[PDB]
Amino acid sequence: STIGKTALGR
Amino acid sequence: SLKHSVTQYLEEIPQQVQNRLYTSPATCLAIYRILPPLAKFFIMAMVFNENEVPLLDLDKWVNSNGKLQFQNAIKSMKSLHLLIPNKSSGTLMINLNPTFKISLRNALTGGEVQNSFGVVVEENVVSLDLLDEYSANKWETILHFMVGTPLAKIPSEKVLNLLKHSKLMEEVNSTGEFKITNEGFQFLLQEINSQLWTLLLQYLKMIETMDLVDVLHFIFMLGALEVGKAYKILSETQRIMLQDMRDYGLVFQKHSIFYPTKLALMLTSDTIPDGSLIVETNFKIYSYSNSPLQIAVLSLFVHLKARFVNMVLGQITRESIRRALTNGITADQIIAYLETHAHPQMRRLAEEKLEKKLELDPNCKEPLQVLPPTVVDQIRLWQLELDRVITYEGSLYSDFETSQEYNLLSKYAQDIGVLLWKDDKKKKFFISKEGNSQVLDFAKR
Amino acid sequence: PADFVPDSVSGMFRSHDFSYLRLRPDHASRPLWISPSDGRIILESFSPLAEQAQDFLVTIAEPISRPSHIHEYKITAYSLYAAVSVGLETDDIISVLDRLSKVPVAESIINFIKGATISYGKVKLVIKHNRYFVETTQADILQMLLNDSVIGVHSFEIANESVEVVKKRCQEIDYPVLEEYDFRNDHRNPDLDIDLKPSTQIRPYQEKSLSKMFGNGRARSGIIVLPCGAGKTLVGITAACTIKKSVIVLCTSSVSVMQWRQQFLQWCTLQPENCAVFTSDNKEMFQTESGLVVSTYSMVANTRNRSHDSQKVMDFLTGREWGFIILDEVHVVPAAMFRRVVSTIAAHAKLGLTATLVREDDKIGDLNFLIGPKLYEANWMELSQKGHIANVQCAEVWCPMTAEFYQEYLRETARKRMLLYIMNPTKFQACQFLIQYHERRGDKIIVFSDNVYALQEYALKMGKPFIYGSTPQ
Amino acid sequence: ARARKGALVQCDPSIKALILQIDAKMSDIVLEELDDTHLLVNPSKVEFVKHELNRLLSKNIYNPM
Ligand SMILES: Nc1ncnc2c1ncn2[C@@H]1O[C@H](COP(=O)(O)OP(=O)(O)O)[C@@H](O)[C@H]1O
Ligand code: BEF
C-alpha cells in the first residue's frame, strides 16, 4: 500500500 | 503492560512509604505476585531463613543462558526496596526487608494477620443473579457515558470528576459536551484488567490529603477477597473509599456488609467471540455482537444502518471516519480495533491467500492481513485529507541589516528547535509562537 | 413489536431497530436475515445452505451488493415480477423464506410477496401472419380488456404499433402478459435444422440460464445477465438451435455484427448459405425458406430516411414472421427510438443478452413489458474463481495535476476544464511508464479514451495505432 | 530586526493555488508569499481559509447521499 510515499511525476 | 503499569506506580513511591506499605500481609501477598518469576524464586528462598546471603550465591543459581533475566529480576526487586543491599567485611551482602519478611511469613504460615484479608459474615448472596448483574451494569454505565452514547442514568460526580480530570473524555463548558480522545479509544481498546487499572491508578493520583498506603491496603486486599461471599466491616479512610469504589462496579452493597464482585477478583491476576465483525470491500460492517457497549464504540467511526438481535450491520463512510478523527482517534487504532475484532471467516480466507502466495513463491513471507487493504488505505488517505492544510502560529523575521545577523538569529532558532522556515536569499525566517520570546531575548543580547 | 423494551443505543437506529422480534433456536444454521421494512436480505455465504439460497435469492430478489462473505439482496416489485413467471407461486416463496430465515418473516414482507405473486398467468399475446391477437383462455377477461380505457377462448386483434401500450397497461391492471412459445407445435413457420456440433462444451452456468428459459418446455421471453466474456454468444446460439426457427439478431456495432456471424458459424452447424449479415457494407438477404439475419439497431430502428438498397431488406424483415430475436446489449433497447424495433419486428420469442443491465435514466424498468422479465443472473467472482473469466487487479492512479496546469483549471469553464485535466503531462508520463512496463511483461494493452483529441495526441506521441468513430469498418 | 505575527501555511501547489484564489476574492487572506510551499496568512483568516477550502474541495469528492 503506497500511501506515504512521495507522489509520482517527472 | 498490566504488571508493568502497576509496578511502575509502585516504584515512584518514596522509600519511607514503601516500608509502611508492607505492614499488612494482604498487600505483601499481592506485590509478591507481580515480580518476575526469578524475583519470586529468590524472595521465597530468603523469606524462611533469618540470615544474610551474599549476592554471588544468588548469581550461582542462574545458568549461563538465563544470565540476562538475573539483571531485570534484581533491578525490579531493588527498585521497590524489598531487597536491602548491606555491604560489610568487604562483601556486598544482601538481605530481605524485615517488614516484608514477617508479613510474608505470617501469610504463608497462618500467623496473626490483623484481619488483612478481612472477615466473613457467612451470609452469602447469589453471584450470578446479582453480583454479575450489578457490576456489569455499573461498569456498563461508566463505559456508555464514556463512549458518548445517550444513556438515562448518568454516573455520580465522583467518577465523572475523575473522568474529566484524567486525559480520558476531554470536556469544555463552551462546547457543553464531552468527547473521547486519543487515549480514550486506547482505553476502550484495553482488556478489562487494564481498563480497571487505569481508573484505579488515576484515582490514586487524584486524591489529596486519606493516606496513599490505605488506598493500596484496600485495592490489593480487595484482590484477596473471593466473590460470592460476605465480609463484615477497617480504616476510616477505607469507608469513604469503599463507597467511592462502589461507583466503579467493584463492590456491591445492599445499603454493614460489602460484597466484592467479578471485577474485584479480575484485578489481582489474569482471568464465536462477541464483538467479531466482518468488513467487506464495499466498506460495509457486520458485527456479530449483542451488547450496547460494543455497538456504542462502533458508532464512534461507523454509520450504523440497522440492528438485529444477533448482529449489527452498518457502513463505513467518510463522515464517520472524519467524526472519529476530529475527536483525536488515530487511524492506526481504528485498524487495530478492526483487526483484533475480526471474524474467523476473514482470518481463514486471509490464511488461504497467504498460502497461495507462498505456494507460488515461498521466498518472501507477506504479512497476514485479515481485512482487505483497500479499507486501510482509504482510512489513511482520509487522515491525510485532514492533514492537508498545515498552519503554525508564529512570527516572521525580516529586514536584517547584515547576513551575519540573519544567520545568527536563524541558526539559534534552529538550535533550540523553534525554526519552521527560512530563506537565505530573502534573509527571512519564521519561528513558532512558542519560541518567540527566546529569539527576541537572544536578539537583544 | 409488543412489550419490547428499547435499548439505550436504540436511538442510533432511526426506526430501523429490528430487535422487537426474537431469534429462532436454529440461528446458527439458517443463513438469512430479513429486514421487515426495507425488504433487504443479508445472506451468510460461509454457512450451510448458502448455495441452496444463492440461486433462490437471485430469482425473487435483485442483488444489491455481493462482496466476498456477506451478500445483500433486496426484494422489489420487479424482482417478484421476474420470479412469478417461472412456475413459482406465493406459497413456495413464503415457505422457503421462512425456512431460510434466522428471524421470523414479518407480516409486512409477507404482504408484499402476496400482492405481486398472484398476477401471473391469465393473458397471452399471440402472433399470426404478422397480426397480433390478445388471446385469453377465459371469457371473463373480455369484460376487463375490452372495457379498459386504454385498450382500443375469445381472441381479438390489436394494432401492431399499440403493443407497447397494452403490455404496459396490462402491468397496471391485475394481469400482466407472458410471451411463451410452443415451438414444438408450431408448423406454419418453416423450420431450420441447425444444432450444436459435438465439439461444443456447454458450461454449467450457460445450461442453468437456458434451463430458466426452457424449464417448462415452452420458450420464455426474458433477459439473461452474464459477466463480460462469460459466453453470452453461445447462450443465444443454443437458444436458436433448440427452438429451430428463423431467427434475427440485433447488435449495436458493425464489428460486433461481424463477430456474431463468425461465432454462429464456428460453434454450431449453421450453413453459411442461410446466413445474411445486414450491415452498412452488404445488404443481401437469404432467399432460402428459413435463414438467419444478424443486423444492428441503427440499420433496423431508422424511421425517416432509408435508401433504396436498404428499403427492400427492411420490407423483407417485416414481411416474414420471425421465430426468435436476440437483442445483444439489451441495455440500449429502452432508448427513445431503439425500442421501436421490438414492436415492428414480429416474433414469438425475445431474448436479451447483456453483461450490464443499468442506465442513468429510469428507462431500465421498461424492459419488463418490452421483452419480459429477467430469467437468470450470474455472479462475477464465482465465475472468476472457477476459471471461466480472468482475475483483474483494479487500480486507480492519482496523477497530481502539475502547478502550471492546475491554475488554469480554476478559471476555466466546465466544458473546457475537461480537456484541461485530461492532458496534464503527469498523465502522459504515467501512461508511458505503465505501457513500457507491461509491454516488457509481454502483455497486450488497450488504452481507452472517450475524448478523441487526447486519443490522437497520445497515439501520435507514442507511435501506436488508434481507432475512433470516423474509422471505416 | 523586525517581527511580524501571522500564520505560516505549509501546503502543496494545488492548495497554494486555491488559497490564492480565496485571497483574490478576499484580499486580507494572504499577507506574503514565502515560497512555492509556504504562505504567510492573516491569523483571523486561518480558521476561515481552512474551513472554506474544505467546502471547495467537497465538489471533487463524490459523497453518496
Ligand atoms: N463454452 C465455451 N467454450 C469455449 N469458448 C467459450 C465458451 N463460452 C465462451 N467462450 C469464449 O468466451 C469469449 C467471449 O465470448 P462472448 O460470447 O463474446 O462473450 P460476451 O458476449 O458475454 O462478452 C470468446 O472467446 C468465446 O469463444
Ligand atoms: F463483452 Be461481452 F459482449 F459482455
# chains A, B, ... in the order shown; residues from 1 in each chain; ligands from 1
call {"tool": "residues_near_ligand", "arguments": {"ligand": "ligand 1", "cutoff": "12 Å", "atoms": "only C-alpha atoms and all ligand atoms", "output": "number ranges by chain"}}
result
C: 196, 198-207, 224-238, 251, 255-268, 326-330, 352-356, 378, 380, 383, 387-390
call {"tool": "closest_residue", "arguments": {"among": "C:432, C:10, C:282, C:402", "to": "chain D", "atoms": "only C-alpha atoms"}}
result
C:402
call {"tool": "residues_around", "arguments": {"residues": "residue 4 (chain A)", "least_positions_apart": "4", "cutoff": "12 Å", "atoms": "only C-alpha atoms", "output": "list in words"}}
result
residues 8 of chain A; 377, 380, 381, 383 and 384 of chain B
call {"tool": "interface_residues", "arguments": {"of": "chain B", "to": "chain C", "cutoff": "6 Å", "atoms": "only C-alpha atoms", "output": "PyMOL selection string"}}
result
chain B and resi 151+306-309
call {"tool": "write_last_selection", "arguments": {"atoms": "N, CA and C atoms", "output": "PDB file, in the first residue's frame"}}
result
ATOM      1  N   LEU B 151     -27.646   7.968  27.466  1.00  0.00           N
ATOM      2  CA  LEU B 151     -27.989   6.998  28.496  1.00  0.00           C
ATOM      3  C   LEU B 151     -28.826   7.692  29.559  1.00  0.00           C
ATOM      4  N   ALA B 306     -28.774  -0.412  10.803  1.00  0.00           N
ATOM      5  CA  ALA B 306     -29.847  -1.221  11.367  1.00  0.00           C
ATOM      6  C   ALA B 306     -29.228  -2.219  12.335  1.00  0.00           C
ATOM      7  N   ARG B 307     -30.091  -2.946  13.041  1.00  0.00           N
ATOM      8  CA  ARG B 307     -29.638  -3.931  14.012  1.00  0.00           C
ATOM      9  C   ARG B 307     -30.609  -5.100  14.061  1.00  0.00           C
ATOM     10  N   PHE B 308     -30.071  -6.277  14.361  1.00  0.00           N
ATOM     11  CA  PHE B 308     -30.840  -7.444  14.757  1.00  0.00           C
ATOM     12  C   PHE B 308     -30.329  -7.930  16.107  1.00  0.00           C
ATOM     13  N   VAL B 309     -31.038  -8.904  16.679  1.00  0.00           N
ATOM     14  CA  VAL B 309     -30.657  -9.410  17.994  1.00  0.00           C
ATOM     15  C   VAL B 309     -29.269 -10.035  17.944  1.00  0.00           C
TER      16      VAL B 309
END
call {"tool": "interface_residues", "arguments": {"of": "chain D", "to": "chain B", "cutoff": "8 Å", "atoms": "only C-alpha atoms", "output": "PyMOL selection string"}}
result
chain D and resi 1-11+15+43+46+50
call {"tool": "interface_residues", "arguments": {"of": "chain D", "to": "chain C", "cutoff": "9 Å", "atoms": "only C-alpha atoms", "output": "number ranges by chain"}}
result
D: 12-14, 17-18, 21
call {"tool": "write_last_selection", "arguments": {"atoms": "C-alpha atoms", "output": "PDB file, in the first residue's frame"}}
result
ATOM      1  CA  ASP D  12       1.294  21.816  -1.953  1.00  0.00           C
ATOM      2  CA  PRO D  13       0.822  23.594  -5.314  1.00  0.00           C
ATOM      3  CA  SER D  14      -2.861  22.662  -5.512  1.00  0.00           C
ATOM      4  CA  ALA D  17      -3.439  27.991  -5.873  1.00  0.00           C
ATOM      5  CA  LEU D  18      -6.756  27.594  -4.045  1.00  0.00           C
ATOM      6  CA  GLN D  21      -7.973  32.308  -5.430  1.00  0.00           C
TER       7      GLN D  21
END
call {"tool": "residues_around", "arguments": {"residues": "residue 10 (chain A)", "least_positions_apart": "3", "cutoff": "10 Å", "atoms": "only C-alpha atoms", "output": "list in words"}}
result
residues 402, 425, 426, 429 and 430 of chain C
call {"tool": "select_by_dssp", "arguments": {"residues": "region 244-301 of chain C", "states": "alpha helix (DSSP H)", "output": "ChimeraX atom specification"}}
result
/C:254-267,297-300
call {"tool": "atom_distance", "arguments": {"atom1": "CA of residue 101 (chain C)", "atom2": "CA of residue 36 (chain C)"}}
result
11.7 Å
call {"tool": "atom_distance", "arguments": {"atom1": "CA of residue 249 (chain C)", "atom2": "CA of residue 217 (chain C)"}}
result
22.5 Å
